Amino acid sequence: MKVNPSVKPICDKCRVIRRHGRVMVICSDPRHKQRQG
Amino acid sequence: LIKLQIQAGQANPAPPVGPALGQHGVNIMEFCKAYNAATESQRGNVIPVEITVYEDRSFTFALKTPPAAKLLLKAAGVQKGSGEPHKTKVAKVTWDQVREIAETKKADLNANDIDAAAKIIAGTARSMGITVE
Amino acid sequence: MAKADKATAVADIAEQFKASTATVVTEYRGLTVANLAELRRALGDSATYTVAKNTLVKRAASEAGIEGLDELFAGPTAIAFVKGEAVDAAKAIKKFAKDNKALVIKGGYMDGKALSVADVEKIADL
Amino acid sequence: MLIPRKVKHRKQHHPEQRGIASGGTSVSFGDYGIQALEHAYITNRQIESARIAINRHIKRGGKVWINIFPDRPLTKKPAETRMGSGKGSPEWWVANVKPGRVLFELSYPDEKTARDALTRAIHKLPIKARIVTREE
Amino acid sequence: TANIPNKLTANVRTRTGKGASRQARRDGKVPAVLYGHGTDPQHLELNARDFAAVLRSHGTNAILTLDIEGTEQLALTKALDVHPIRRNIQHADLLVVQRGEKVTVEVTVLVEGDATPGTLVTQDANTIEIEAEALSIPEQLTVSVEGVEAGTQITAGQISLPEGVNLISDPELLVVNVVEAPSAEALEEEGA
Amino acid sequence: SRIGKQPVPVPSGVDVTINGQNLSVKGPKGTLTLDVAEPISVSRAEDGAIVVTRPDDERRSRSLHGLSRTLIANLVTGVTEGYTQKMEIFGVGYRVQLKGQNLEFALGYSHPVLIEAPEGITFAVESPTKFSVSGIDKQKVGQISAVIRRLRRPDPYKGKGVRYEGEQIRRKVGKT
RNA sequence: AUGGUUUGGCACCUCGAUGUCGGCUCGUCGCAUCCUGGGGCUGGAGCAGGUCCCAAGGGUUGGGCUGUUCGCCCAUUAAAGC
RNA sequence: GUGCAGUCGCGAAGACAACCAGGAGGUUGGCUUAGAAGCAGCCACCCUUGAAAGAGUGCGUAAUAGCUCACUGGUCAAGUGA
């Protein structure tokens, strides 16, 4: 879970959502998974 | 159902024989030697070949005509390819020989007529930097 | 799928129905590009087999003389015209339909009069 | 590196950061430009970084204009010295940049790559900025 | 050249000053000026949305058939007064026009270009000075660049015109320069 | 929206008690509960369906309408048929059996692991490496199934652990 | 951009006195965590790890040289915190 | 993330999504190849049956294969992307 204030949809399948007041990037590739914080 | 470009009177370079099709369990000898026989009866070019495998390793061998660029390499005088297509234009090629090639690529390709075959092959020439004048 | 291009498609539909003798729509489900290549390399001499848009035919169908076929827009519109003989067409569609065992024929229509499955088999025979 | 070959007066006051642009509020020589929004002093090294950012993002061919030149110096004075006793020497050179002013102009065909390049060059600078087309 | 001169309701101004003008811009109008050989400088307020539709449609130089005080009038847009940041339209000068007049004009070119691979274009200029008729100003001087090679300096006295239109910028100009295209190693030696 | 406006089919012996907002559905498998909030109305479509209705088209309503519809759909669907997930134990010397209601695993630990059946679900083993989880409350079913799934820390090298029947897991190689 | 511990900038209270480096004893506080505890990714096979998140409850050695803080070394340690 | 005012692109000729099927032959374009086959990279980036097919967008293979997408019609149906 790369924690960074900059997250992006790296690949074509990274979807950007918002849980509980935190931005997240969910993807089938766990290298890509990340969030603000 | 796997396809390759194999040299005419030769056999057993590892990458063009082993990894793509020599792993799947169709044996080296019978295919390669019947194909050497047939391909030296052709003795024409590096003939491409495709293999249809059925449910019991039954392999059927289909031969083709050699590539368009190689046909140009042998016919049109383009002995080496131009690293800058459309900028160094060292080929002036004749619609005559391109039309014999068009007859060949009609008996091979989706060609509509000899004209459309000539246009197709000239288009590959356009892409690889071969100016059919 | 721009509008005047859909008008062009309408023109194609009418200009082939009225410029051909036989006309039957069929179906394709279980058929691919290479099979179409076999077909249109073999019987492309005089046959006319293509595919078109149902929702486009919904507006194209009142420009030609097909005023009796305003109910058969359920199923993909795979058009079969021929310009010459009338028994070659449906029998040839049967040839290829058994060559693949995927091509269905919807119905029968030749010079206005509606014809069913067994009628189309009789059309093969004659 | 960008510097002048000689200035008459090599110790100048600090430029002003008051007012909006009068010129350079219009793309001139390319197609895709950069426009500032704030007041800031932009130096030599920043502009070098930015032009390199652009040339490593188009990489082949497509031209880049720099409508700015650092022709106004600033004076650091050496370290751990009590205030007073003169005015330090020029060490780095700025250009003032008032809002509305245009810095860079690209000429590359595809807008995708061009807009991306200008963005990479924006993130090498201290100012909020935006991207411009020559159109109205 | 079958132009439809756009129509616009304009009303003369009560107050002429900075406060009034800002209040007008705020409300959603744009002040404007009208003059020429009318020799009676009128001060108007147009409506900005309508004005922008007119411009976006028919280019910047675009004749107008105004409606002043119930009476109608004919005008041309000579000059605009734009803001840099917001890119509003702060003020607009308007030259009265009778039909059949020769007034000088400055329009924009359009590089319709697809070149050889080893080619790049450079637009040294956008704006060319012209005299034409009133109702017959163009919108886009289309210049085509296709099939051409490296250096081909498109001069200004090479563009195709209407019939009855004259070039008045000097024919020395480089409207375009077709450069020999750069190297990735030439891009290191430009501005360092 | 496109889901929240649809009416919901309702077969024969399917008794739906609309006690205001509180809803409760009886069928041969049980009598399930459901509740909803004050805003949205639960009208019974008197063709033999149920339909949701909302006053506003605001954020909350647009959100909550469709939810309620999908829930009641699952509800009646379960009480007709049910739900039954299938799970499959890939591994070496791994195994599953049953002890009455409660289920027993062998997953390489030094002690075996068991699970307490909750009230509303039952286990069903078809082979030592293959079983199911049959229930009605889809929440509960997938809950317990995933709890099982998370026992073994995943291992994408050799393919050990538990798998949902159609789970196409990822894989790598440690060649050396 | 932080933090305000470092070398410094200003000189605002204290020069009719605010006793200054280090050590000892004695604490107590922060977490930007050395170990223990939970965890996500791996160019993580396994043992060992690398980096990141949460986390302060407890613990966080004795010795040689130097007045020395800092440091280096020896022998151990779950660990030898800022 | 919302609420407001714009302008733009597409929509009962059926928008966007979804789901069935296609997703082609020149061709393993040229160079560089160890391998460079649609996919470290450099240049060109046209042509044809077709209803649609990019010198191919991503992932995967040392190279291939392969999962795929971009472009097309099908079953249902009002709005949807900048």
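Reconstructed Cβ throughout: ideal geometry from the backbone, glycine too, with neighbour counts over all protein chains shown. Throughout, read-outs are computed from the coordinates displayed, never taken from laboratory work.
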Region B:5-17, residues that are within 24 Å of residue B:108 (Cα to Cα) and either aliphatic (A, V, I, L, M) or part of a strand (DSSP E or B) (or both)
B:5, B:6, B:8
All but one of (1) more than 14 Å from chain D (Cβ to nearest Cβ); (2) closer than 30 Å to residue E:80 by Cα hold for residue E:127; which doesn't?
(1)
May I ask you to say which residue of F:36, F:52 is closer than 15 Å to residue F:10 by Cα and not acidic (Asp, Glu)?
F:52
Hits in region A:8-21 (condition: within 10 Å of the chain's Cα centre (by Cα) and within 13 Å of RNA strand H (Cβ to nearest atom))
A:9, A:10, A:14, A:15, A:16, A:17, A:18
Selection from region F:123-144 of residues that are β-branched (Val, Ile, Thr) and either more than 17 Å from the chain's Cα centre (by Cα) or exposed (fewer than 14 other Cβ atoms within 10 Å of the Cβ) (or both):
F:125, F:129
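Test residue F:43 against the criterion of being assigned to a strand (DSSP E or B), of a type in the set (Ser, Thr, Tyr) and within 24 Å of the chain's Cα centre (by Cα), and give yes or no. Walk me through how you get there before you give the answer.
On the way: assigned to a strand (DSSP E or B): yes; of a type in the set (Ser, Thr, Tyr): yes; within 24 Å of the chain's Cα centre (by Cα): no.
So residue F:43 does not fit the description; no.
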Restricting the search to region F:119-176, which residues are of a type in the set (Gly, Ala, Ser) and within 16 Å of RNA strand H (Cβ to nearest atom)?
F:159, F:166, F:174
Is it the case, given these coordinates, that residue E:181 is small (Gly, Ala, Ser), surrounded by 18 or more Cβ atoms within 10 Å (Cβ to Cβ) and either more than 26 Å from residue D:136 (Cβ to Cβ) or out of contact with any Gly (no Cβ under 9 Å at 6 or more places or on another chain) (or both)?
yes
Picking from D:42, D:54, which residue would you name as being at the interface with chain E (Cβ under 10 Å from one of its Cβ atoms), surrounded by 12 or more Cβ atoms within 10 Å (Cβ to Cβ) and under 25 Å from residue D:131 (Cα atoms)?
D:54
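Residues are listed down the side, and each one gets a yes or a no for (1) over 22 Å from the mean Cα position of the chain (by Cα); (2) in contact (Cβ under 8 Å) with a residue 60 or more places away in the chain; (3) more than 29 Å from residue F:134 (Cα to Cα):
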| site | (1), (2), (3) |
| --- | --- |
| F:56 | yes, no, yes |
| F:71 | no, no, no |
| F:75 | no, no, no |
| F:80 | no, yes, no |
| F:87 | no, yes, no |
Just checking, how many residues over region C:75-89 are buried (at least 19 other Cβ atoms within 10 Å of the Cβ) and assigned to a loop (DSSP other than H, G, I, E, B)?
0
Consider residue D:124 carefully, then state whether it is within 22 Å of the chain's Cα centre (by Cα) and closer than 23 Å to residue D:25 by Cβ.
yes
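Which ones in region E:141-192 are of a type in the set (A, V, I, L, M), assigned to a strand (DSSP E or B) and closer than 30 Å to residue D:44 by Cβ?
Kept after step one, since they are of a type in the set (A, V, I, L, M), are these residues of region E:141-192: E:141, E:143, E:145, E:148, E:150, E:154, E:156, E:159, E:161, E:165, E:167-168, E:173-176, E:178-179, E:181, E:184, E:186-187, E:192.
Among the residues that remain, those that are also assigned to a strand (DSSP E or B) are: E:141, E:143, E:145, E:167, E:174, E:178-179.
Hit for region E:141-192 is E:179, nothing else.
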Of the residues in region F:1-26, those that are polar (S, T, N, Q) and within 21 Å of the chain's Cα centre (by Cα) come to F:24
Do you know which of the residues in region A:10-37 that are assigned to a loop (DSSP other than H, G, I, E, B), surrounded by 13 or more Cβ atoms within 10 Å (Cβ to Cβ) and of a type outside the set (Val, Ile, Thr) is farthest from RNA strand G (Cβ to nearest atom)?
A:14
Whether any residue in region E:114-123 is in a loop (DSSP other than H, G, I, E, B) and touching a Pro at 6+ places or on another chain (Cβ under 8 Å) is what I want to check.
no
Would region F:158-166 turn up any residue that is over 27 Å from residue F:30 (Cβ atoms), within 15 Å of RNA strand G (Cβ to nearest atom) and in contact with a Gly (Cβ under 6 Å, 6 or more places away or on another chain)?
yes
Which ones in region D:57-90 are within 11 Å of chain E (Cβ to nearest Cβ), out of contact with any strand residue (DSSP E or B) (no Cβ under 8 Å at 6 or more places or on another chain) and over 18 Å from residue D:124 (Cβ atoms)?
D:60
Name every residue in region E:54-71 that is more than 14 Å from chain D (Cβ to nearest Cβ) and under 25 Å from residue E:138 (Cβ atoms), in order of residue number.
E:63, E:64, E:65, E:66
Out of curiosity, is residue F:147 within 13 Å of the chain's Cα centre (by Cα), closer than 24 Å to residue F:31 by Cβ and either within 16 Å of RNA strand G (Cβ to nearest atom) or surrounded by 15 or more Cβ atoms within 10 Å (Cβ to Cβ) (or both)?
no
Go through region C:1-44 residue by residue and tally those that are part of a helix (DSSP H, G or I) and either within 9 Å of RNA strand H (Cβ to nearest atom) or away from chain B (no Cβ under 14 Å) (or both).
23
Cβ contacts < 8 Å: first residue within 14 Å of chain A (Cβ to nearest Cβ) and among the acidic types (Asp, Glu), restricted to region F:150-176; second residue surrounded by 12 or more Cβ atoms within 10 Å (Cβ to Cβ) and assigned to a loop (DSSP other than H, G, I, E, B), any location; separation 6+ or different chain. Result?
none
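Please go through region F:77-95 and pick out each residue that is assigned to a strand (DSSP E or B), touching a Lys or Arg at 6+ places or on another chain (Cβ under 8 Å) and closer than 21 Å to residue F:153 by Cβ.
If we filter region F:77-95 for residues that are assigned to a strand (DSSP E or B), which is where we start, we get F:83-90, F:95.
From the residues that got through so far, the ones that are touching a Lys or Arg at 6+ places or on another chain (Cβ under 8 Å) too are F:83, F:86-90.
If the condition is that a residue be assigned to a strand (DSSP E or B), touching a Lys or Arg at 6+ places or on another chain (Cβ under 8 Å) and closer than 21 Å to residue F:153 by Cβ, then F:87, F:88, F:89, F:90 are the ones that fit.
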I need the full set of residues from region E:72-94 which are assigned to a strand (DSSP E or B) and either more than 13 Å from chain D (Cβ to nearest Cβ) or in contact (Cβ under 8 Å) with a residue 24 or more places away in the chain (or both), in order please.
E:72, E:73, E:74, E:75, E:76, E:78, E:79, E:91, E:92, E:93, E:94
Please find, among D:112, D:128, the residue that is within 13 Å of another protein chain (Cβ to nearest Cβ), over 22 Å from residue D:13 (Cβ atoms) and surrounded by fewer than 19 Cβ atoms within 10 Å (Cβ to Cβ).
D:128
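Per-residue answers, yes or no, for (1) part of a helix (DSSP H, G or I); (2) within 14 Å of chain E (Cβ to nearest Cβ); (3) within 14 Å of RNA strand H (Cβ to nearest atom); (4) touching a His at 6+ places or on another chain (Cβ under 6 Å):
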position: B:19; (1), (2), (3), (4): no, no, yes, no
position: B:25; (1), (2), (3), (4): no, no, yes, no
position: B:31; (1), (2), (3), (4): yes, no, no, no
position: B:36; (1), (2), (3), (4): yes, no, no, no
position: B:46; (1), (2), (3), (4): no, no, yes, no
position: B:70; (1), (2), (3), (4): yes, no, yes, no
position: B:73; (1), (2), (3), (4): yes, no, yes, no
position: B:87; (1), (2), (3), (4): no, yes, yes, no
position: B:90; (1), (2), (3), (4): no, no, yes, no
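Taking the condition of being more than 9 Å from RNA strand H (Cβ to nearest atom), surrounded by 15 or more Cβ atoms within 10 Å (Cβ to Cβ) and within 15 Å of the chain's Cα centre (by Cα), how many residues in region B:1-17 meet it?
First, pick out the residues of region B:1-17 that are more than 9 Å from RNA strand H (Cβ to nearest atom): B:7-12, B:17.
Adding the requirement that they be surrounded by 15 or more Cβ atoms within 10 Å (Cβ to Cβ) leaves B:8, B:11, B:17.
Still in the list and also within 15 Å of the chain's Cα centre (by Cα): B:8.
Qualifying residue count, region B:1-17: 1.
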